[PDB]
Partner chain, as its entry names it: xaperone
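The chain that follows stands alone, in the form deposited without the partner chain, written as C-alpha cells.
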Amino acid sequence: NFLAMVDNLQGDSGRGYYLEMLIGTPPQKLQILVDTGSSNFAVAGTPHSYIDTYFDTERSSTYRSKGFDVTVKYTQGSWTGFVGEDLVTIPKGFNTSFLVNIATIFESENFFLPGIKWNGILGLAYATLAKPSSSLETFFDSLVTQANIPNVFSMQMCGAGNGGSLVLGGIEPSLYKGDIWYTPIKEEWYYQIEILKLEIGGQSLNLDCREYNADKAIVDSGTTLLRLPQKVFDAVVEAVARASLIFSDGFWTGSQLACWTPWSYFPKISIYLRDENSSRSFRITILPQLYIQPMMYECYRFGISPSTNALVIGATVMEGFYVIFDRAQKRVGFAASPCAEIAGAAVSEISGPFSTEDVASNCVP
C-alpha cells in the first residue's frame, strides 16, 4: 500500500522530518525523527521540559524490558536509555503491529533542544552502528522480517526554501520523474557512497578524489546542511566566492546572514557519483536555491558547513531529490523530484552518464 505512505512526514520548517508512530498497548503517540545516519530506535522515556510527550513503558501491557540500558554519545549530545521491546504501528503506512527494539531515554544532555517537535529518533542505517552492538536488531530489519516487505526504503523531502514521504518497502513512481540513477553502497554501516568529483559553476575542484571520501561520504537525513571535510569545505568556499564576487568572512562560517533574489549571483554545485557500472558516473547538482537559504526582502545562510571527518549529504541536499535506499541491492538511488521547487523554480538537477577515465578506480581511501 505505497500510496498511503505518501505525505506521512512533517518537516516543521527545517528542524527535521518526522513520522507519527503509535507505540505499545494501548498506543502512545510519538513524533519520531527519520534518520538514515543512525541505527537505534530511541524515544523519550521521562518528562523533559523541551518535549510535549514521552513514551511511558508502565502504561503499556505489551512492553517487555530487555534487562540492560544503553548509553549513546554523539559529537553533540548524548543519552542513556533502557532497552526493551514493544509493538509499533505507523498509521500513515503500516497499520499492522510489529514488535521492535526500543530505547527509552531517562537521562540526556543537549539532545532534546528547545522548540524541537520530535521526541524520538528512528535510525534507519545498518546493524553495525547499532548500540550497544549490532545484535540489537534495527527497526527496519524487524519490519522486513515480520511484514515480508522488500528490503528497500525511499524518501521524498518537500521542504526546500511542510513535509514529505517515507516509503517503507519500496519505491513510489509518483514521487519521482525521469530516470533513477544508482550508486553502490561501499560499506554497510552508514549509507556510504563513493564521490568522484565536485564541480562549482562548471569547473571542477582541484583536489584528489580521496579528499571527498576522507573517512567517508554518506547520505544522512539526520544532518541539516551539506557537510564537507575542512580541506574540501575551504576549497568550496574559495570557488563559490570567486564565482559570484559580491563577502564578509562570517557569511561562510554561518556567523552572519546576508540580507538583500541573490540566487542568480551564485553558481551550481555538482557532486559526481560512481554509477553501478564503474566505468561511468552521474551527477547530482544543487542550485543556489538549496545552499543560499532564506531564513525568515530576505536574509540568507550559507547551507554548507565543515566536518572533521565526513562528507555528509544531509537533509538540505536530499530536499533536491527522491532518494532510494536499496539495502537489498546494496545501492542508493537518486531521481529528480516533482516537489523540489521554490515557487515552480527548480532547485536541483540530475544527469548522466559521464566517463570515469579521468579518475582513479577507487576514490575511497
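Positions refer to the first chain, counted from 1.
Not pictured, yet referred to below: the form solved in complex with the partner chain.
- Remark: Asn162 does not count among the residues lining the partner chain in the bound PDB entry, judged by a heavy atom distance of 4.5 Å or less.
- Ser135 belongs to the set of residues with a heavy atom inside 4.5 Å of the partner chain in the bound PDB entry.
- Of the heavy atoms in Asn277, none are within 4.5 Å of the partner chain in the bound PDB entry.
- A residue is said to contact a partner when one of its heavy atoms sits within 4.5 Å of a partner heavy atom; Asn101 meets this definition for the partner chain in the bound PDB entry.
- Interface residue among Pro150, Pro91, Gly178, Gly77, judged by heavy atoms within 4.5 Å of the partner chain in the bound PDB entry: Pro150.
- A heavy atom within 4.5 Å of the partner chain in the bound PDB entry is found for one listed residue only; from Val144, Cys158, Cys209, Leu205, this is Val144.
- Remark: of stretches 209-217, 192-200, 170-178, 92-100, the one touching the partner chain in the bound PDB entry is 92-100 (heavy atom within 4.5 Å).
- Taking a 4.5 Å heavy atom cutoff to the partner chain in the bound PDB entry, the contacting residues in 59-81 are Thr62, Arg64, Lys66, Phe68.
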